[PDB]
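Input: a single structure, listed below in structure tokens.
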Amino acid sequence: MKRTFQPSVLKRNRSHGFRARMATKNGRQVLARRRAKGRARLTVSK
Amino acid sequence: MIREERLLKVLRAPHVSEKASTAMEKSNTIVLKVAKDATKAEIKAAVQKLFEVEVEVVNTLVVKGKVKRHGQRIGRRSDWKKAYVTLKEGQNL
Amino acid sequence: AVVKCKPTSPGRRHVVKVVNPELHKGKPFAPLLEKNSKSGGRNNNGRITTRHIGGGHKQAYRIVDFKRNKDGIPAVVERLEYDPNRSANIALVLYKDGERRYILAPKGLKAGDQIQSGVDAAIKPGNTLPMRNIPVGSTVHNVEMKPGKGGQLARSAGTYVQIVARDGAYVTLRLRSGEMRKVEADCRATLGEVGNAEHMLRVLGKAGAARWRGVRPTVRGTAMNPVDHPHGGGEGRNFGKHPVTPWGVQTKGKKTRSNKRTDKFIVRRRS
RNA sequence: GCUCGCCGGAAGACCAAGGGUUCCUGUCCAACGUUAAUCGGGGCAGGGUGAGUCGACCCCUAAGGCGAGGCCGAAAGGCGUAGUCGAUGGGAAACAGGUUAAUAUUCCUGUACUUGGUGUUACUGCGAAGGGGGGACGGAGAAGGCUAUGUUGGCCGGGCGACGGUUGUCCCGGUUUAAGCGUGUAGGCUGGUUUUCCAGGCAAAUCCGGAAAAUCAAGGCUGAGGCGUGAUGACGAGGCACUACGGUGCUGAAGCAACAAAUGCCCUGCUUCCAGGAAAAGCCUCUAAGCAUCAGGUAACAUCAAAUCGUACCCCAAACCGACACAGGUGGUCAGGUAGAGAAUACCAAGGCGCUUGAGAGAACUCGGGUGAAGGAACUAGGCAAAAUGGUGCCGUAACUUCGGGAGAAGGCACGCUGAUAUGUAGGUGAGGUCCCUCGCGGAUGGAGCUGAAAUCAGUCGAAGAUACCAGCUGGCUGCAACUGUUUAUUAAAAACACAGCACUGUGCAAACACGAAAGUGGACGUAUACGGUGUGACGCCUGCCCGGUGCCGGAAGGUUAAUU
RNA sequence: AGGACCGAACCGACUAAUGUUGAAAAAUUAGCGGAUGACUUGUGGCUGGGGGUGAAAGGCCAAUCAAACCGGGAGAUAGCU
Ligand SMILES: [Mg+2]
Ligand SMILES: [Mg+2]
Ligand SMILES: [Mg+2]
Ligand SMILES: [Mg+2]
Ligand SMILES: [Mg+2]
Ligand SMILES: [Mg+2]
Ligand SMILES: [Mg+2]
Ligand SMILES: [Mg+2]
Ligand SMILES: [Mg+2]
Ligand SMILES: [Mg+2]
Ligand SMILES: [Mg+2]
Ligand SMILES: [Mg+2]
Ligand SMILES: [Mg+2]
Ligand SMILES: [Mg+2]
Ligand SMILES: [Mg+2]
Ligand SMILES: [Mg+2]
Ligand SMILES: [Mg+2]
Ligand SMILES: [Mg+2]
Ligand SMILES: [Mg+2]
Ligand SMILES: [Mg+2]
Ligand SMILES: [Mg+2]
Ligand SMILES: [Mg+2]
Ligand SMILES: [Mg+2]
Ligand SMILES: [Mg+2]
Ligand SMILES: [Mg+2]
Ligand SMILES: [Mg+2]
Ligand SMILES: [Mg+2]
Ligand SMILES: [Mg+2]
Ligand SMILES: [Mg+2]
Ligand SMILES: [Mg+2]
Ligand SMILES: [Mg+2]
Ligand SMILES: [Mg+2]
Ligand SMILES: [Mg+2]
Ligand SMILES: [Mg+2]
Ligand SMILES: [Mg+2]
Ligand SMILES: [Mg+2]
Ligand SMILES: [Mg+2]
Ligand SMILES: [Mg+2]
Ligand SMILES: [Mg+2]
Ligand SMILES: [Mg+2]
Ligand SMILES: [Mg+2]
Ligand SMILES: [Mg+2]
Ligand SMILES: [Mg+2]
Ligand SMILES: [Mg+2]
Ligand SMILES: [Mg+2]
Ligand SMILES: [Mg+2]
Ligand SMILES: [Mg+2]
Ligand SMILES: [Mg+2]
Ligand SMILES: [Mg+2]
Ligand SMILES: [Mg+2]
Ligand SMILES: [Mg+2]
Ligand SMILES: [Mg+2]
Ligand SMILES: [Mg+2]
Ligand SMILES: [Mg+2]
């Protein structure tokens, strides 16, 4: 049975990557939120 | 021309292993741990100057570090560059 | 030529096809082609704005001369061609100076025919003249509505416009819909009717044939639920309401034209 | 190690995605592994991934994204121009052999190829953000020519058989060779060459397009494979000799032909159809402002350069997606033998496995199967399930029908093997010889050799010859839906949805309509033979009466009636 | 020629049995339908929550759908247990 998670590094980076987050005001807000919470990994990039 | 400082820094250590010995004995190729940012030209220049030998060609590859363990503490070794440099059968350095 | 297929399969029984022996069989004239990719009925917001569009055969766009602005230079018909972008056939024409163009092929236009545009052209099918220089009662197509804008009226296969009257700076046309419209007398028109009049006689014969043309199925409002159509709902076949569009406007007789700007140019509605 | 069993269009091999050291070696068995474990994809330590030619990076664009100015919008922002990104597509170049415990088109051996720079020489009108050509494109079908590959014969090496026979018409094994270069073949396309002129290609052009004459009509482009070379090389059964029994070194024969043949190649071709089948650059070419004995260009020779990143390992899976070492899912490539139409099926080759609890016993009952006296649907809601039919060739086949169908209707006969026809027929292929010349990868005759159906006649064995695997049950009456399709991912596949056709109605183009506070966009680079909405639902015969109610359309005399004043 | 026929791959899911603390949060086995087309499939892209998409089942929108998920108003309110 085909499940929901079908990995693709390019689609992952384009949908949730650092540059995609930086592209909009709301993505920058999520980055600021994660920095304030002190997440050790801001995005999916690594 | 590449300066003296760059060539003095690009060579880190001679590599030691069975494959290194086989290559040295057969194809007169020596194996070196070099700088991560060192290109084939810099490696050739540094070997020609600091070792005083003659070089045909340089082969390079990057070795990825191993993800290891130290008492329930994940740790990763660094990446390093490896160079197969062929000396033209006249020195036996 | 209209011919019906033999019923050697259920999908072929009712197929009626329009075959024209005189259309070109090779590839079209390449320097007059463009790419024309499909939209699916989506606008630049990405939303479906016109339903029932999608798929169908890949098509290339042919640049057609609707203006006919090369006055005074004769042109000869080189070949008739198939155009996937419109119901009419088009004709490649060669000008005396070495320039080639596509035009809408009028009825009776065949290879080797001679065409011309300008004020000093003969009253022959395929020739383009300002309507000031076209006799009253003529039959034209590719009719302009503004001078130099290009033809916009009577462009579909078998269509034509009759020049009913003429006075002053305007002429009175009778449109294909049955509407009387006033047009500036300096707008240009091509003599004759548009060709390929047997186009209405084709019978697609099966659903896939309409799918080849890029039209998706229509779902009746009475077959869905009231959350997504005013006609929806019911235990069995139920209607009990006045027919409307999916957005709630009455769809059997209610008029939607509202253009006070162009109302002055309409002598009488199609009725 | 020897037996046995299983897969073999995979349960073998190689890529892409995804994962990340799981790869190799030494060591260890606490925990992990559904048991034990000396073993492991477990722990610990060390080793391992070598590129001018493969891929990325790069040049070029698609869908789409972003977007200087700009237009729009309380703010935030939205759309979009010039631009600039964006592969799943276009664009230069490498093959064979050997080698590691683990890499190899990357290392080595041999032989190649591509693009750019620097110099020398010779000759010479070069030049782009511009023009032209090219790149450049669909479905289906058919033939012909090939190759991969296979079989057989010939040849070389070995053998003479644990039990009757086996010096032969016997048995086993091998019989391999690339890119590149030269030839330019089967075949596909198109008439060449030279002048003079011209409302076109935003300017110009010698280039493209167009007009008119002269002349010759065979020239030009593309092209699998074959042959030669590459290659006296490499590889090679086997033997000789060591081995710490893994493996190491050398020697090393033959290394041909015929036939058969792909879904691969010629072919981005040919024929045909309608639903009419990317873009841009690399490339060739034309000139412009300009430069003008400089630059630039053509060609030969030499030298230099080709950086950086990836490269281990799994990849139908115990390493990816499924919480698991989970009967699930996962795109592409390769494709042997015998039988067979076949990538079905059965048994096998190469190669890979026996699925990480076993040992006994031989109760009821459950699961998966085999057989069954006599009866044959009496079972049951219902023939559910099971049983049965099942191939090829030939004969034969009803009502009805939209004349296609129905139809494989139904039903019936033959089928193995041996010999002869005929020491191998019909056919296919095709050498030597001979003849001709545009002399060659040419042609005409020649038929050796090879391969080889189908049938007829006789004979013969069994209970049975489509003997296994494989492989339609058939017929009659009737409701519904015309038909192929679609649907409740995970209790409903249908009579439901769609459908071709029919009708009503809107819409004159800045269209109606839809998404949008708007700018704009789709409709549509379409124009009433078009587009939207609604109902009905192939086809045949048809579709009767009612406008009082509600809606919609038309009208604007009279009554009423907002802001306003 | 064909939304033609029989039939593998491939795509589906009509029947029965098993399984139901499963090998599996939808499968296995034996049969079954389509199989050149309104086909199927890889890669990438677009549509966003009173919104999308829907050959229309209130189907689907990450094991969630008559209004997704996450965070917030928030200790909503609860004549009820
Ligand atoms: Mg090298
Ligand atoms: Mg519609
Ligand atoms: Mg319809
Ligand atoms: Mg319903
Ligand atoms: Mg409603
Ligand atoms: Mg009712
Ligand atoms: Mg009622
Ligand atoms: Mg590890
Ligand atoms: Mg291992
Ligand atoms: Mg123990
Ligand atoms: Mg244990
Ligand atoms: Mg390990
Ligand atoms: Mg490298
Ligand atoms: Mg763009
Ligand atoms: Mg934008
Ligand atoms: Mg701006
Ligand atoms: Mg770019
Ligand atoms: Mg690509
Ligand atoms: Mg390996
Ligand atoms: Mg061969
Ligand atoms: Mg095929
Ligand atoms: Mg590898
Ligand atoms: Mg297991
Ligand atoms: Mg599994
Ligand atoms: Mg699949
Ligand atoms: Mg099989
Ligand atoms: Mg038992
Ligand atoms: Mg039993
Ligand atoms: Mg039985
Ligand atoms: Mg019995
Ligand atoms: Mg009996
Ligand atoms: Mg009986
Ligand atoms: Mg009974
Ligand atoms: Mg009973
Ligand atoms: Mg049954
Ligand atoms: Mg049975
Ligand atoms: Mg016989
Ligand atoms: Mg009844
Ligand atoms: Mg039906
Ligand atoms: Mg059906
Ligand atoms: Mg269901
Ligand atoms: Mg079902
Ligand atoms: Mg518009
Ligand atoms: Mg209906
Ligand atoms: Mg079919
Ligand atoms: Mg079938
Ligand atoms: Mg389905
Ligand atoms: Mg099944
Ligand atoms: Mg069928
Ligand atoms: Mg309902
Ligand atoms: Mg769901
Ligand atoms: Mg709600
Ligand atoms: Mg509150
Ligand atoms: Mg509370």
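The basis for the numbers below is simple: all heavy atoms, side chains too, and nothing from hydrogens, waters or symmetry mates. Chain naming here is simple, since letters A, B, ... match the order of the sequence lines and numbering starts at 1 in each.
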Taking pairing as Watson-Crick or G-U wobble with both contacts under 3.5 Å, can you name the mate of D:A407, or confirm there isn't one?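 Per the H-bond distance test, none.
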Mind checking who D:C413 pairs with, Watson-Crick or G-U wobble, both distances under 3.5 Å?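 Across all strands, the one nucleotide that pairs with D:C413 is D:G393.
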Under-4.0 Å salt bridge between C:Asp83 and C:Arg86: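 Answer for the salt bridge query: yes.
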Between B:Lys88 and B:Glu56, is there a salt bridge with N-O shorter than 4.0 Å?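 Yes, charged N to carboxylate O under 4.0 Å.
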Pick the nucleotide of RNA chain E nearest each of C:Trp212 and A:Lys11; which residue has the one closer to the 5' end?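 The residue whose closest nucleotide sits nearer the 5' end is C:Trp212.
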Which groove of the paired bases lies less than 5.0 Å from some heavy atom in the side chain of C:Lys27?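 The groove in question is the major one.
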I'd like to check, for A:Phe5, whether its ring lies over the base of D:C321 with centroids under 5.5 Å apart and a plane angle smaller than 30°.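 Ring-base stacking flag not set for A:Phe5 and D:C321.
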D:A199 base stacked by C:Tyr95 (centroids within less than 5.5 Å, tilt under 30°):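 Given the distance and angle limits, no, they do not stack.
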Contact class for B:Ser17 (heavy atom, under 4.0 Å): base, sugar-phosphate, or nothing?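 Sugar-phosphate, backbone atoms only, no base.
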Using a cut-off of 4.0 Å on non-hydrogen atoms, how would the nucleic acid contact of C:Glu198 be classed: base, sugar-phosphate, or nothing?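 If one applies the 4.0 Å heavy-atom cut-off, C:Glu198 turns out to touch nothing in the nucleic acid.
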Please determine whether D:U229 and D:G180 constitute a Watson-Crick or G-U wobble pair, defined by two donor-acceptor distances each under 3.5 Å.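 WC or G-U pairing between D:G180 and D:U229: yes.
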Centroid separation C:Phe239 to C:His231 less than 6.0 Å: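 Ring centroids of C:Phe239 and C:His231 are less than 6.0 Å from each other.
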Listed nucleotide nearest any side-chain atom of B:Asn59, set D:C107, D:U534, E:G44: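 So the nucleotide nearest the side chain must be D:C107.
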Listed nucleotide nearest any side-chain atom of C:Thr218, set D:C499, D:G532, D:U536: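 Given the options D:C499, D:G532, D:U536, the side chain of C:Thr218 is closest to D:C499.
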Kindly check if the number of other-residue, nucleotide or ligand heavy atoms within 6.0 Å of CD (B:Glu25) is above 12?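 No - once you tally the heavy atoms of other residues, nucleotides and ligands closer than 6.0 Å, there are 12 at most.
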